[PDB]
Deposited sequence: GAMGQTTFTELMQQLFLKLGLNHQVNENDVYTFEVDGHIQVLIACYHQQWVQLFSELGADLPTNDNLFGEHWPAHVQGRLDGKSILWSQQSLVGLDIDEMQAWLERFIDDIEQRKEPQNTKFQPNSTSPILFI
């Protein structure tokens, strides 16, 4: 059964990105657009992605369906934070990398909307 540490070490070897691991074993890295993504695991069971979006953005309806797992836009210290979670069990390297990629793409879109489906389905 793969631990969070093993997973994240394998992932960062794969990605070749500059990153930090704090002394609470939270992984952090930053990419262009001043986007810092944090990955943390609770109780060796739940993996979270998190990013402070740096502004108080328009309140998102926060439905499920647009992303799997969902990307939820919350509010902390008067500013928007985006987060997404899923269980560690069954989480694999290809899933982590794809999840990170779509989470970052979502962040970029939300932080800069003025770039160049109305219906959600089960």
**Q.** Ranges missing from the model, given as deposited sequence positions
**A.** 1-4, 121-127
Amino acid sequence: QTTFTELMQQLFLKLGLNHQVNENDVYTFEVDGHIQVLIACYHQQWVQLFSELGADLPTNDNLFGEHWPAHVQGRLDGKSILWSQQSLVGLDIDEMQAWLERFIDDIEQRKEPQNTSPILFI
From here on, numbers count along this sequence of modelled residues.
Q) Which third, lowest, middle or highest, does the CA B-factor of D61 fall in along this chain? A) lowest
Q: Pull the Cα B-factor of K111 out of the PDB entry and bin it into the chain's lowest, middle or highest third.
A: highest
(Q) Based on the deposited C-alpha B factors for this chain, I'd like to know if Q10 is in the lowest, middle or highest third. (A) lowest
**Q.** Record-listed C-alpha B factor of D77: chain third
**A.** lowest
Q. If you rank every modelled residue in this chain by C-alpha B factor, which third holds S51: lowest, middle or highest?
A. lowest
